[PDB]
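No Cβ is skipped: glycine too gets one built from the backbone with ideal geometry, and neighbour counts run over all protein chains shown. Computed from the coordinates by the stated procedures, all read-outs in this text should not be read as laboratory data.
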2 protein chains.
Amino acid sequence: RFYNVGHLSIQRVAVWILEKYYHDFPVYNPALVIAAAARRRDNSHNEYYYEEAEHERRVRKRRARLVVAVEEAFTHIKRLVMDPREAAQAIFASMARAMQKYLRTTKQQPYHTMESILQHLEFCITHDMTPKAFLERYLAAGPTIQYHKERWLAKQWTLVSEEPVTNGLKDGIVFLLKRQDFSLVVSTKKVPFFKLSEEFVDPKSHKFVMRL
Amino acid sequence: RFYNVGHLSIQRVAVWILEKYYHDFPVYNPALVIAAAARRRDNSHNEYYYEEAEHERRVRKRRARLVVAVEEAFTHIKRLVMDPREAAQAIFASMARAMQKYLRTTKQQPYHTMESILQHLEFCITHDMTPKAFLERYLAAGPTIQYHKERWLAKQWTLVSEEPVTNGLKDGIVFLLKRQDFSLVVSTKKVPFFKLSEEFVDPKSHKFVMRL
């Protein structure tokens, strides 16, 4: 993601980018002579292409199964005795398998526990949220803050900067925001000086003709 | 191919099968712990499937290009001065590239020389044969006698028989008809004894009702 930022020090910029990260980027899912060798590889079976197509196809199939399952599940209850928690638990049975299989095919097992899915079912059916407003949480990757607090690890960011971090940004400052697994590479580019000119066009001067 | 044959000796049966071969089978185109290893292979990328699909797709594409090219080529002349040979040579230019590329993608280069294709163009345009009646020779593999006489090699058949070849056929006689490259395995099975029974049905006795 690209951002615009004013005159902040590199550490304040780091905190700013972290405040942006937990809702901008998708959540980090870790589960997701020489020229002659390159030429030999390029002239081989494009295995990655067909594996990607097959994976996208089976993800679409599991997504369709999940959409149908969640539509049926939410049709298995009416708004009107039974509490929203009991209703979520009663409609989760008709969708637990499809939900689990879609979370497995998209590598989303540790993000969504049965307890969190029940809490979110209760949330949705409490707030008149349709099956699609329920599945918006599970179909896409979603950003970090959407998940459990043990996956945020906000107290474990490291600011790796070639320049001292108390000095503000300038054109070309690159710095890392490292966690245990990934890192945020931040490259700075000064917003260029703009020279606007004013041109006047008469709104009546627009006159068109037939051909081409 | 399966055939029915009467009481012939194995060598006469061999000659009979050879007389059938040159117009029945397609022409021979040569250009066309352990269980753990099998399990490891079966759980790998199905490379042959996607290569076969890609080959069939590019063969269909070259076939479409060739159909269009031959339609245009035959439209480049009228029946009504110019001889059929000169007309074949004049319409071969607008289709030579597509014909060559289709013969390359289907591994049919040595079967069809430019001279034979010109002779067959002359033949077709002489006999009012449409572009599809022209392409029937080139789109499919076609049997052996359809080609040049140097690819028949009828004087180079070897009769490999476990039994003496002067004795007639019986149930289970297997024999080979070997050429330099391939071989015709011939397995004999006696046509079984049939016991017909006669049942009479009244053509007026057919009476039907509504449900199921």
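Considering B:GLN109, B:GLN119, the condition of being over 22 Å from B:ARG1 (Cα atoms) and either of a type in the set (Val, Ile, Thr) or under 18 Å from the mean Cα position of the chain (by Cα) (or both) is satisfied by B:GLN109 alone. Among the candidates A:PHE175, A:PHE193, the residue that is of a type in the set (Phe, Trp, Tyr) and either outside any loop (DSSP other than H, G, I, E, B) or over 24 Å from A:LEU8 (Cα atoms) (or both) is uniquely A:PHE175. The residues on offer are B:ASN4, B:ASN43, B:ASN29, and the sole one that is within 30 Å of B:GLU162 (Cβ to Cβ) and either among the basic types (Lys, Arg) or surrounded by fewer than 12 Cβ atoms within 10 Å (Cβ to Cβ) (or both) is B:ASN4.
Of the residues making up region A:142-166, those that are among the acidic types (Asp, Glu) and closer than 25 Å to A:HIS7 by Cα are A:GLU162, A:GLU163.
Residue count for region A:159-181 satisfying the condition of being surrounded by 12 or more Cβ atoms within 10 Å (Cβ to Cβ) and within 24 Å of A:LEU32 (Cα to Cα): 4. Summed over region B:58-69, the residues that are out of contact with any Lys or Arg (no Cβ under 8 Å at 6 or more places or on another chain) and either β-branched (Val, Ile, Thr) or within 13 Å of chain A (Cβ to nearest Cβ) (or both) give a count of 2. B:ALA133 satisfies every condition listed in (1) assigned to a loop (DSSP other than H, G, I, E, B); (2) among the hydrophobic types (A, V, I, L, M, F, W, C); (3) under 21 Å from B:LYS78 (Cα atoms); (4) within 20 Å of the chain's Cα centre (by Cα) except (1).
Of all the listed residues (A:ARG151, A:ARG211), the sole one being touching a helix residue (DSSP H, G or I) at 6+ places or on another chain (Cβ under 8 Å) and of a type in the set (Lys, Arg) is A:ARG151. If the condition is being among the hydroxyl-bearing types (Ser, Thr, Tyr) and within 14 Å of chain B (Cβ to nearest Cβ), then region A:17-50 contributes A:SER44, A:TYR48, A:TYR49, A:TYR50.
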